[PDB]
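Peer 1: Line by line, the protein sequences give chains B, A and B'. A prime marks a further copy of an entry chain. Sequential numbering from 5 applies to the first sequence in the authors' numbering. Sequential numbering from 5 applies to the second sequence in the authors' numbering. Sequential numbering from 5 applies to the third sequence in the authors' numbering.
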Amino acid sequence: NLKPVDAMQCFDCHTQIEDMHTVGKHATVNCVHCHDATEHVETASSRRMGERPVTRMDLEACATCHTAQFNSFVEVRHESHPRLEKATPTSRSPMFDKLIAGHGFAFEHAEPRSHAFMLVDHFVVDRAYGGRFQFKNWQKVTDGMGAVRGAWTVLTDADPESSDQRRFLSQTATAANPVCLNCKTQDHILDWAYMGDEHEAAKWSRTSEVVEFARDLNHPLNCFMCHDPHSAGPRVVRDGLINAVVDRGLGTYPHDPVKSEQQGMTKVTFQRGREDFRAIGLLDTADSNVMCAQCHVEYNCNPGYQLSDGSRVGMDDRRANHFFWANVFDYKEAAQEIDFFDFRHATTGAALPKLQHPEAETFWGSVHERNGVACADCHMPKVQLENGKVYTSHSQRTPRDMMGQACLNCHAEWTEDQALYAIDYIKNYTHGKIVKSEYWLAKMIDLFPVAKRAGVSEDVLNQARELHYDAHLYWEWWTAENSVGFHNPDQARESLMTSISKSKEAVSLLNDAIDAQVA
Amino acid sequence: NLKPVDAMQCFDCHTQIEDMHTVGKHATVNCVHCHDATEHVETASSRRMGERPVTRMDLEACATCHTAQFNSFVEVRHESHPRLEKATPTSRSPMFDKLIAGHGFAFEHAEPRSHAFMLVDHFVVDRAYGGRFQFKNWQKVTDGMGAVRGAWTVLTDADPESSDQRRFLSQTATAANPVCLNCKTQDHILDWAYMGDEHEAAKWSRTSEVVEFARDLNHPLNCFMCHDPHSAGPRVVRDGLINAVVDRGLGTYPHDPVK
Amino acid sequence: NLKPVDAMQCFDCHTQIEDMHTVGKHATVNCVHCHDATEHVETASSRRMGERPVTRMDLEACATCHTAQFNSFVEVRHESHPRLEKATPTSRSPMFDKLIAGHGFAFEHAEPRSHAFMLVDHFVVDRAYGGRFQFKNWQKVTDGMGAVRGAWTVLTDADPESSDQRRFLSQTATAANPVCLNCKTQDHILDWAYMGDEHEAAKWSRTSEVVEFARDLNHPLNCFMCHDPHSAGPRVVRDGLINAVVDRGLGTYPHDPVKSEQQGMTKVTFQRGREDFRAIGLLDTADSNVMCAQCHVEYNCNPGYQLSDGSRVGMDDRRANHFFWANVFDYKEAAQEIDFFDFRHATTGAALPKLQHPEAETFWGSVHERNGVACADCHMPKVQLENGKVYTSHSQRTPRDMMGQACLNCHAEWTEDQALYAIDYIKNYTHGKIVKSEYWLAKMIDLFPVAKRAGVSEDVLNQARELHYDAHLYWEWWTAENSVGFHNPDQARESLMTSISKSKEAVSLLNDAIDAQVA
Ligand code: HEC
Ligand code: HEC
Ligand code: HEC
Ligand code: HEC
Ligand code: HEC
Ligand code: HEC
Ligand code: HEC
Ligand code: HEC
Ligand code: HEC
Ligand code: HEC
Ligand code: HEC
Ligand code: HEC
Ligand code: HEC
Ligand code: HEC
Ligand SMILES: O=S([O-])[O-]
Ligand SMILES: O=S([O-])[O-]
Ligand SMILES: O=S([O-])[O-]
Ligand SMILES: O=S([O-])[O-]
Ligand SMILES: O=S([O-])[O-]
Ligand SMILES: O=S([O-])[O-]
Ligand SMILES: O=S([O-])[O-]
Ligand SMILES: [Ca+2]
Ligand SMILES: [Ca+2]
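This is the structure we're talking about:
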């Protein structure tokens, strides 16, 4: 059984914790729930840590007093089909392999499934660790509760004796690096300096051996990613997000200065040896738009190249951990501002961006966002009980499972079937334009080898490569983004029509040049 | 927001609470969750209460850290048919009126329904208070969460100016007395001496005016009826049961001395 | 009404029948249930048949005493979508037409449906008889009971006056031959010599006119294919299977000598004019793995060519009726051992194998097979009755229809939804790798005409053709095999990664050679 410690002892040295803990809704929650600091207190001085206290990062540390929220979070949605490859005719991107050739996602890119699995799925996907990690057997894929208890309770490592990234099966890649883990877990929150910069007090950084780092990590989506454990107040902890909102002064809502001021973020910094070490962003309000934007954004979390001179941009570079914080029509400018692209297309040779699930940036300026609706209203609504204490569902999933709470309370004019029909109208229309964008991109890509072999000039090929950048960006945003247009239907429409226009322009350019060589 | 108090200072006088609280699974749960003792601490000695501290008996005191248990308790089972008289051909006792004639249960004896309603149902049944108490209207019969928040949030008293047991409608009885309430609530746990015997320190006893007692009670089946709030360990609080098992030496299983 | 005959009369001449019938569970079942032998007994001698007795092969001969098993067998699973072409984007092999070009399956290859239809479906598929046979009208496609009563009760022949294989509609083929029928019916069990070799006593053989043979056949999947009618004991009757297990000494479990000895097969031969004529394989145990392996295997049942010199291998050759009895990683060696391939790819010119539903060979060495599980545990389980005599379901279908009996009795840790999710994880992952294997095969195939037209050498084209053999084998095994990886997920994964590797190797070889011609 837990025995309480005297927090006044701690507060003598930890004045920021004192100011947060004594004022918030955890003022009565004793430190012993999350820290074992007995030897620390015996050996610390006001400026030296002494013995390092143990800090619990397991979700069960919160589940004892908050069982309803924990249980709602860990539920597995079995209807969210698992390990389902997107590069198939029945999924999001039928022509993905041709369009993405040259990039590591060609090795595997599955649809998302329930949050319980995020860390294990990151470890086992074919593009990440060369197939080094597997579930202990194929039965363990069902075990959401086990994954939450810890990745290493359900996974195996093919070679515990080595720590290098290498292929263990032929059709795998080794794309994973330490930046990735910041959107899968924050078990490393006390061991990673802000942005992953080198730091004397940091065990792990952008340049660490990712296999060694992985072995130290266990829990998905820690509860404290959105809730300060000391004040219980709303926050973010993701470095890249704090960097965009606060350091670069872009604001929580870059298109709306007023909403940014009402619903802002305050950066709180913690030091080691009196040098800045790590930071959090305290939110003015419990704003799920910004909480979910810790991960559901377009980002760099990988090495790349410079647009200017084509030189390698390695993990050591700050740009390898970056939130662009830009909508699809501002993205090219944002990538130019850091002089960066992701890969060269294997067929066309074009410098190209790689887009990641940009839900937050897509949602900006949409009808729902403009009306003050937030991710949680549709994806984590309040539970409705005939007789009960209301709490917020933490099962972050499609509103199709809870249409009464997620849609119909606001849309009183609709039945469930009518609201579903409105969603499908948007998704069907947008998916049609995605498929057409892919048809035109593929037609363009396939002309590159024909043009090369016909002796078309490098100048013409480079003109087509510049068009490929835009044709790609204005398509891939929408196969990356998970709502199939629902979050912003007009923007999806405008972007996908632009993609098709760019590809058609490139097709015309190449066809004419090929024909001129033939004559 | 709650601010914790110095529990060690309490323990200078409260040695039984100290022994229970420091050892069990509520050792880290501060007294401020259930007690407002600021003036008490200022005025008490080990031999004098001073100002009486406030003690919370509402179930929400536990629901903050144990929402799953609270929500499962308060749920209303709509299939448990409400206000269903047992003395009918389709219920438990078709000839109950003839057989029970002379007893107060002849005025009304319904089948049980969900625990959330036990205190309000005790107050409104025709055999108990002469029909003095009613739900505010016939819609309120559904409101389990409201009854749990407190009986007087969902009930009305026909005559707040009098405190006597009498009939307000002809076919009612006044069978209720203070002993009844021990199986409906323990809001009176600090105001009732063991067995309801007369005691200088008891506001309420077996001989109190039950209408006055009723007005002072709010919550059904308090969570602490089965769980000690200090140790979190298993217990009972009902005097009559402790009297049978312990005082009269019958044991928890009178037919099995080993068990 | 049936009148019993004196079996002692028969036993004077039929001593093998005596030894089987008098000992087994049909010792009390009189010969008249299945034979009309009155004139036979009047005219036979100990070595000459005289008048041929009539033998019933209709399933109703068993249904009188075994109605439960019969009714469970004949049930139509309407959820098993009928006449569904696999070469479509929503089915098993979206790029099948490009990959299989040159082979008769390009004319039609539908998904399987319920066993009641196997003989009629064989007769009416577009690749088989040139469209000669049809159901009497499009309503008859529903009539499972009618198909079981007899194919010719529900089918019509476009030209009863001719017996040649020819096209009756333009986009059909005439792939059917007498070997095919051995996996659709055994009505011919007394009229076909072992392996279909020429024999004086055999009415039909590998070289027969298949249209004439077809007209003589009526019933699907006779009950006696797995149960000896005389002893009632477990057996197989399929010649190709007996040949692999017994004649070639490969064993019932080629990867496990011990299991092969515990669960073995005894070949029993019957003679005509004191010369070996036909055979059965009596099983040591009621082993559904080996019973279902009569048909659910990779096989030759067709003419082909020699790998060594490219010469035709006709129906007259023993190799036209062959069970390879080899897993995917042993198959190439098995085809080399008989010097055989199926077709030349229409685009690449590569010699290629054609793979057939290799469920039995895929199941070997899988986790379930290693734990002593058999096909019937998941596809024909015991019926569970609150009050009833237990029998074995004969409705051989997906375990999704009976998850309680097929999975959950063994997997107590799972709900039905969890077990379904585990199946889908495997099928989704494997199908993703199938689609990727097809993408790479298609990319390779499409380079052949480009290379040819650029003047690439025959030596390079032949190197690519050798790679095509392996790229094809390691892909097609999995579109042929019906579990979409479930029966052996690790093997599917290893094979499909090998396919992709081989195709990528060939793409690189051809691209480099084309580029060298251009420069
Ligand atoms: C002064 C003598 C201290 C006492 C009393 C307590 N802590 Fe401490 N702590 C102290 C220092 C100098 C440091 C290094 C960081 C800094 O602020 O200078 C720490 C660090 C921690 C940590 C972080 C550990 C990590 O892994 O990075 C924790 C969780 C922590 N301290 C907790 C803690 C508790 C619970 C205390 C009361 C029991 C406590 N500290 C007392 C200095 C001092
Ligand atoms: C019991 C000892 C608790 C532990 C362990 C955790 N929390 Fe808590 N939490 C607790 C209480 C008594 C309260 C106040 C309840 C009230 O409404 O009065 C809270 C509150 C929260 C909140 C809401 C805060 C707000 O300002 O609205 C959150 C978001 C919260 N708690 C989160 C949380 C986390 C993430 C925990 C694990 C690190 C955790 N709590 C543990 C009691 C206890
Ligand atoms: C936050 C900015 C992230 C970074 C850094 C990484 N990932 Fe991620 N990932 C993120 C989200 C919001 C999602 C779900 C939405 C979606 O579009 O899938 C994911 C999903 C995955 C998955 C599962 C789906 C799949 O692609 O198969 C995997 C396997 C995964 N992510 C791996 C991964 C790798 C290897 C990363 C570093 C190269 C990485 N993620 C970083 C958010 C973020
Ligand atoms: C990084 C730590 C994340 C935070 C914060 C949020 N999400 Fe997320 N989400 C993330 C990943 C890596 C995945 C894929 C997990 C996998 O194993 O594949 C997801 C997935 C989702 C989904 C799909 C769930 C399903 O049933 O398939 C949804 C609807 C979703 N995410 C929504 C969502 C919301 C609304 C968030 C703020 C409350 C949120 N996520 C935060 C990564 C992270
Ligand atoms: C960000 C992706 C979150 C994660 C990780 C966790 N919670 Fe959460 N929580 C989140 C939101 C948007 C809200 C609603 C805020 C509002 O006022 O609208 C909450 C709320 C809570 C509460 C408060 C009580 C309630 O409303 O239910 C608690 C106690 C709470 N959350 C606990 C909790 C636990 C235990 C978590 C890990 C399993 C957890 N939260 C993660 C957003 C996010
Ligand atoms: C948060 C500030 C709490 C308050 C308010 C209440 N309880 Fe509690 N309880 C709390 C914790 C942290 C624990 C330990 C959890 C663990 O398993 O480690 C408990 C435990 C209990 C138990 C279980 C006790 C045991 O198994 O020995 C019970 C029965 C219990 N709590 C009851 C309870 C009651 C009735 C409350 C209102 C008077 C109550 N708790 C309030 C945290 C908190
Ligand atoms: C609008 C046209 C109504 C219809 C249709 C139904 N109800 Fe009603 N009801 C309505 C009002 C305005 C009121 C009084 C509200 C108040 O708070 O003063 C009521 C009252 C009831 C009651 C209580 C009656 C009592 O004597 O105390 C009940 C039990 C009730 N309503 C139930 C009910 C049922 C079951 C209905 C469908 C048959 C129904 N109402 C329809 C308004 C309207
Ligand atoms: C000796 C005079 C016989 C008598 C008595 C019976 N049978 Fe016969 N049978 C006999 C011969 C020489 C043959 C040819 C095969 C052989 O073993 O040498 C047969 C064949 C059959 C068959 C197979 C018919 C076919 O189509 O191939 C059957 C089904 C059969 N016999 C049945 C049978 C029955 C039921 C008898 C008792 C009523 C019986 N036979 C008697 C020789 C002799
Ligand atoms: C009635 C005259 C029957 C005819 C016609 C068929 N079978 Fe039979 N069968 C019959 C009996 C009385 C029994 C024994 C029942 C018992 O359990 O004691 C059987 C048994 C079988 C078995 C089980 C054998 C075993 O060793 O376990 C099988 C597989 C079987 N029978 C198959 C079968 C076939 C395929 C039939 C048509 C050729 C057939 N039976 C006809 C009675 C009768
Ligand atoms: C046993 C070794 C077989 C041989 C010989 C033939 N077929 Fe077959 N066939 C077999 C099985 C186990 C299945 C079901 C599994 C599957 O993958 O489909 C089939 C299926 C068919 C079908 C229906 C499905 C389809 O392809 O449209 C047809 C029309 C069919 N088979 C025809 C056919 C022909 C023409 C054959 C000789 C060239 C032939 N089969 C032989 C098993 C076996
Ligand atoms: C040859 C005589 C076979 C034997 C012995 C077994 N199977 Fe079969 N199976 C065969 C064919 C030709 C077909 C396709 C029939 C058609 O008309 O398309 C099948 C089909 C199946 C299926 C699919 C059923 C569905 O609902 O779609 C299954 C699940 C199946 N077969 C399983 C199976 C089992 C487990 C067997 C041993 C008990 C078995 N089959 C034997 C051909 C033959
Ligand atoms: C009476 C008004 C009918 C309606 C309503 C439906 N059907 Fe029909 N159908 C009808 C007749 C008289 C016939 C020909 C019967 C014969 O044996 O001559 C049919 C035929 C069909 C067929 C076969 C078509 C073929 O081309 O061979 C099919 C597949 C069929 N019918 C199906 C069908 C469906 C699905 C209906 C509802 C949508 C339907 N029929 C209605 C008479 C009538
Ligand atoms: C192989 C593909 C089979 C076909 C064709 C038929 N049956 Fe079958 N049968 C098969 C198996 C795997 C089993 C279970 C054996 C075990 O002990 O596990 C059976 C069993 C029977 C029985 C025994 C009683 C029972 O378990 O139900 C009978 C009487 C039986 N089978 C009859 C029967 C009939 C009538 C068939 C044609 C419709 C038939 N079997 C075909 C495998 C196969
Ligand atoms: C007993 C007769 C079983 C039947 C029926 C089913 N399963 Fe099974 N399964 C069984 C065992 C003994 C094992 C190995 C257990 C271990 O931990 O060693 C399995 C394994 C699986 C697996 C994992 C396969 C892997 O390759 O790692 C899966 C995905 C699985 N089982 C699923 C499954 C399904 C869906 C079933 C019904 C169709 C099913 N099993 C039946 C034992 C038995
Ligand atoms: O209070 S923290 O800043 O040590
Ligand atoms: O914020 S900057 O990188 O445009
Ligand atoms: O790879 S993650 O960013 O989807
Ligand atoms: O500790 S109590 O008994 O005052
Ligand atoms: O008994 S059989 O061999 O004629
Ligand atoms: O059995 S042989 O053909 O390898
Ligand atoms: O053609 S049969 O072998 O599927
Ligand atoms: Ca990116
Ligand atoms: Ca073959």
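We put the CB at the ideal spot given by N, CA and C, even for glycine.
1. Where does B':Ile342 fall in DSSP's three states?
2. Below 8 Å on the Cβ atoms is my guess for B:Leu88 versus B':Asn432; work out the distance and round it to an integer in Å.
3. Any heavy atom of ligand 20 within a distance shorter than 7 Å of the CB on B':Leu311?
4. Taking A:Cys69 as the query, report the chain B residues whose CB atoms sit under 7 Å from its CB, ordered along the chain.
5. DSSP state of B':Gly244, grouped into three classes?
6. What I want to know is whether the C-beta of B:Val158 ends up closer than 7 Å to one or more non-hydrogen atoms of ligand 3.
7. Could you check where the alpha helix (DSSP H) with B':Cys66 kicks off and where it finishes?
8. Going along chain B in order, which residues have a C-beta closer than 9 Å to the C-beta of A:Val78?
9. Looking at ligand 6, does it come within less than 7 Å of A:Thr68, judged from the CB to the closest heavy atom?
10. Which complete beta strand (DSSP E) runs does the region 22-96 of chain A hold, if anything under 3 residues is left out?
11. Is B':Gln190 near ligand 12, with its Cβ less than 7 Å from a heavy atom?
12. Using 8 Å as the limit for Cβ to Cβ distance, is residue 529 of chain B near chain A?
13. Answer with yes or no whether the minimum CB distance from B:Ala338 to chain A is below 8 Å.
14. I'd like to know if A:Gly28 contacts chain B, where contact means its C-beta is closer than 8 Å to some C-beta of that chain.
15. Quick one: list the residues of chain A neighbouring B:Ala31, beta-carbon separation under 8 Å, in chain order.
16. Could you give the distance in angstroms between the alpha-carbon of B:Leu173 and the alpha-carbon of B':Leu311?
17. Could you list which residues in chain B have their beta carbon closer than 8 Å to that of B':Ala426, in chain order?
18. Examine ligand 13 and report whether any of its heavy atoms sits within less than 7 Å of the Cβ of B':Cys296.
19. Which chain A residues are close to B:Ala65, counting only those with a beta carbon under 7 Å from its beta carbon?
20. Would you kindly work out how many angstroms separate the C-alpha atoms of B':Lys7 and B':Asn222, rounded to a whole number?
21. Pick out every residue whose C-beta is nearer than 6 Å to a heavy atom of ligand 22: which are they, in chain order?
22. Using a Cβ-Cβ distance cut-off of 8 Å, determine whether B:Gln175 contacts chain B'.
23. Roughly how many angstroms separate the alpha carbons of A:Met149 and A:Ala120, rounded to a whole number?
24. What does B:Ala91 touch in chain B' if you count any residue whose Cβ is under 9 Å from its own?
25. List, in order along the chain, the chain B residues whose C-beta lies closer than 9 Å to that of B':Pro453?
26. Run the proximity test for A:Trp142: is its beta-carbon closer than 7 Å to any non-hydrogen atom belonging to ligand 7?
27. Thinking B:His361 and B:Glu480 are a contact (beta carbons under 8 Å), I'd like their distance in whole angstroms, please.
Peer 2: In brief:
1. coil
2. 4 Å
3. no
4. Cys69
5. helix
6. no
7. 64-67
8. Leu389, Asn391, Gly392, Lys393
9. yes
10. none
11. no
12. Residue 529 of chain B lies beyond the stretch modelled for chain B, which goes from 5 to 523, so this question has no answer here.
13. no
14. yes
15. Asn5, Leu6, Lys7, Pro8
16. 31 Å
17. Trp142, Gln143, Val145, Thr146
18. yes
19. Correct list: empty, because the minimum Cβ distance to chain A is about 12 Å.
20. 26 Å
21. B:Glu302, B:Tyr303, B:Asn304, B:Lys358, B:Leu359, B:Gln360
22. yes
23. 7 Å
24. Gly436, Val439, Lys440, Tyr443
25. Within chain B, no residue comes near B':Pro453; the closest Cβ sits about 13 Å away, beyond 9 Å.
26. yes
27. Contact doesn't hold; Cβ gap of about 11 Å is too wide.
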